[PDB]
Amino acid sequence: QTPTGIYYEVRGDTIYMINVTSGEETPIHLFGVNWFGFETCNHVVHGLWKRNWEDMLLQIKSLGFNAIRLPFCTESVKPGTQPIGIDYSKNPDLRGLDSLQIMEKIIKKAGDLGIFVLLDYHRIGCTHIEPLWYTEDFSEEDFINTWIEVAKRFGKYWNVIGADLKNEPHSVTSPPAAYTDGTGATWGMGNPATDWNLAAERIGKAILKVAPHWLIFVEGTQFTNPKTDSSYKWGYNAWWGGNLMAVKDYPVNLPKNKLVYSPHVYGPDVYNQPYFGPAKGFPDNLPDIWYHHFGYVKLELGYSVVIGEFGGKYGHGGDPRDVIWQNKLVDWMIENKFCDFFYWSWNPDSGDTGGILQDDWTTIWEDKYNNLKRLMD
């Protein structure tokens, strides 16, 4: 049942933490941020050239966050990979540590602060998000075996809540070819080699054998199948990892008490969607768009839904409509009780969204944070 004494599960649309010995259950909310860099060729969370890693964790806590989503790549989690770009004067307790030891040190310190950790297998190799969970040189069996080794190691840390199986399943061609050409993720197409709903069951089963106390976070795809995507006027305009329209008729076949659906959703700083024009009803059109792409997964089907990534520059050197976008999304999350989320990103060095920190890696954007804070109370 659990190697830590703690077991995570979903009951209805809420995540619970259960102390198996005492029998005590506590509903938890995830007020999260992504801190990325383990999935990059730095092979370490970014910003350690400018900050001490613990001070960063303290600062994230001081802002009322209680969860971190931690992207990684395959080589970050194997012993022997060296981090690049750390200022060891600000980080002397990291001297002589490889990437894996640093990840263990960060997760343990997060747990001491009561911060939950979601592990996100974000890139197979450190360069770009592949559209599928395998490449020419790296098979589905390799991907699964990496998750197994990660679940065996990190399954021993009480605060690790589970596995976001693959970051942003997506397509690299347009429909109709995206459904059949073998180069991108589908859902409900029927082919188990490309259908993410089928692969997530295969990968998720393998994880739960070795970490039965974990949760399995499953993102959407970009396109699903032509019947689902055609059934809605903005069906071909969901984000990577953002299209959960096929959940209703093609649910992932995993235990309901272990499963969390985890859509990503973005604003006009990431892509100038047609629906962001006032001419197409922006912003009052947004609730029904979110509802269709993913929100019905919670509001109609009653699954647990955690927004795995959302964010934008909030008008600081980007499209000023992003302010309106992020306000409307937070208003909608509050109204509809999407209390669990991970903001993209803690890091300022994300080209099209910036983050909670400014470029100095020290000071936060107060207005963007003020808006977010409404979800935390």
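The numbering used is simple: start at 1 and walk along the sequence shown.
The PDB entry reports B-factors from which the mean C-alpha value can be compared for 284-292 and 86-94; the larger average falls on 86-94. Set 217-225 against 174-182 and average the Cα temperature factors; 174-182 ends up higher. Note on the listed residues 127, 191, 237, 253: the highest Cα temperature factor in the record is that of 127.
Of the candidates 300, 201, 164, 75, the PDB record gives 75 the highest C-alpha temperature factor. In this PDB entry, the Cα temperature factor of residue 337 sits in the middle third of its chain's modelled residues. Residue 27: CA B factor in the highest third of modelled residues in this chain (values from the PDB entry). In the PDB entry, residue 39 places in the middle third of its chain by CA B-factor.
Among all modelled residues in this chain, the alpha-carbon of residue 158 has a temperature factor (C-alpha) in the middle third.
Residue 59: CA B factor in the middle third of modelled residues in this chain (values from the PDB entry).
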